[PDB]
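# A structural walkthrough
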Amino acid sequence: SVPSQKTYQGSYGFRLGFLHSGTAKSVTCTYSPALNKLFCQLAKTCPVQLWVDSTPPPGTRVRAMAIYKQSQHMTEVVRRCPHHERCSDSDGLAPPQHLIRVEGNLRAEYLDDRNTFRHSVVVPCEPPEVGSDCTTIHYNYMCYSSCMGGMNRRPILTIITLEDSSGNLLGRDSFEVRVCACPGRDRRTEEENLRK
Ligand SMILES: CN1CCC(Nc2cccc3c2cc(C#CCNc2ccc(C(C)(C)C#N)nc2)n3CC(F)(F)F)CC1
Ligand SMILES: [Cl-]
Ligand SMILES: [Zn+2]
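Residues numbered from 1 in each chain as written, not as in the entry; some residues may be left out. Chains lettered and ligands numbered in written order. Heavy atoms only, no water. Residues with missing side-chain atoms left out of burial classes, pairs and counts.

For this entry, the PDB record names X-ray crystallography as the structure determination method and reports a resolution of 1.7000 Å.

On to the packing of aromatic side chains, then. Scanning the entire structure with this criterion turns up two aromatic pairs. Considering the side-chain rings of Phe18 and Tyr31, the 3.8 Å spacing of their centres and the 10° angle between planes classify their relative orientation as stacked. Within this pair, whereas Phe18 is found in the loop between β1 (15-17) and β2 (29-32), its partner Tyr31 is found in strand β2, the two being separated by 13 residues in sequence. Comparing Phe18 with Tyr31, the two get one shared label, buried. Residues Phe18 and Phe175 carry aromatic rings whose centres are separated by 5.1 Å and whose planes lie at 75° to one another, so their mutual orientation is edge-to-face. Taken together, the residues span a long stretch of sequence, with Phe18 in the loop between β1 and β2 and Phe175 in strand β11 (residues 169-179) at a distance of 157 residues. Take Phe18: its relative accessible area is 13%, and that puts it in the buried class. Note on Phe175: relative accessible area 0%, which makes it buried. Ring-pair connections join several aromatic residues into one group, and the members of that group are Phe18, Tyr31 and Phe175. Between the NZ or CZ atom of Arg154 and the centre of the ring of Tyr68, over which it lies, the distance is 4.0 Å. (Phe/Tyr/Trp six-rings, centres within 6.5 Å; stacked < 30°, edge-to-face > 60°. Helix = DSSP H or I, 4+ residues; strand = E, 2+ residues; numbered from the N terminus. Buried < 20%, exposed > 50% of the residue type's maximum accessible area, 1.4 Å probe, protein only. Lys NZ or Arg CZ within 6 Å of the ring centre and 35° of its normal.)

Once that is clear, we can look at the side chain of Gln49. By secondary structure assignment, the location of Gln49 is in strand β4 (residues 46-51). There is a polar contact of 3.0 Å between the side chain of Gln49 and the side chain of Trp51. Every residue in contact with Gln49, bar those within four places of it in the chain, is listed here: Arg15, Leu16, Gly17, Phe18, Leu19, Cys134, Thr135 and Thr136. (Polar contact = N/O pair within 3.5 Å; in protein donor to acceptor, adjacent residues only side chain to side chain. Contact = heavy atoms within 4.5 Å.)

Taken together, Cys81 (SG), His84 (ND1), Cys143 (SG) and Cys147 (SG) make up the full set of protein donors to the zinc ion (ligand 3), lying 2.0 to 2.3 Å away. Around the zinc ion (ligand 3) sit four donor atoms; with metal-centred angles ranging over 105 to 115°, the donor geometry is tetrahedral. When the donor residues of the zinc ion (ligand 3) are listed from N- to C-terminus, their spacing reads C-x2-H-x58-C-x3-C. Here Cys143 lies in the loop between β9 (135-141) and β10 (156-163) and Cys81 lies in the loop between β5 (61-68) and β6 (100-102), a separation of 62 residues in the sequence. An identical accessibility class is assigned to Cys81 and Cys143; each is buried. (Donors = N, O, S within 2.8 Å, 3.2 Å for Na, K, Ca; no water. Tetrahedral: all angles 85-135°; square planar, octahedral: opposite > 155°, others 65-115°.)

What follows is the structure in structure tokens.
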């Protein structure tokens, strides 16, 4: 079964935000608003901002899940490739098959859905730190988009869901992801492509 990707702000006005990191050759993560697409390097920090108009209840959580963007691939579970699932690089929380990890949160939980076999990672959410206006989650993507036998050059979306403590939907947003060696050049190219 395919989870919904429909944007849904919900009662709390939930939506994502991204830093403005530019497209320099050295950038490790960069987001294209024009493409709604995040470009990032393998296993590097990807900051994703969480925004709401009003604070949801304590016990609200935020889940990330990858799905293939193309129609003929969306029912296939997005997972790490045969090489990376075997490279013994788990931090002790993330199963080695999971593409998306959360960096720097010991309360991250990883789900293998018993019915759909899809992977997700979920963390508690908290109000912003003093002097900040949003919360930030640090994600890591653990395969390249080009990894053969995994994503296999197929585009993916990350679906971010705001959930109550039972897992019921409160909000949903999403963005395309390319995991690549030079995010800055690839963002410029695809943006110049779109422009042409
Ligand atoms: C004008 N107002 C606009 C919205 C601003 N608040 C936010 C702005 C941006 C992000 C925000 C928030 C709030 C949350 C959150 C949560 C859920 N947990 C949680 C835990 C503990 C507690 C307390 C009360 C301390 C306890 N006990 N209350 C909630 N988040 C994260 C989320 F939901 F977006 F992921 C505040 C000002
Ligand atoms: Cl930018
Ligand atoms: Zn891989």
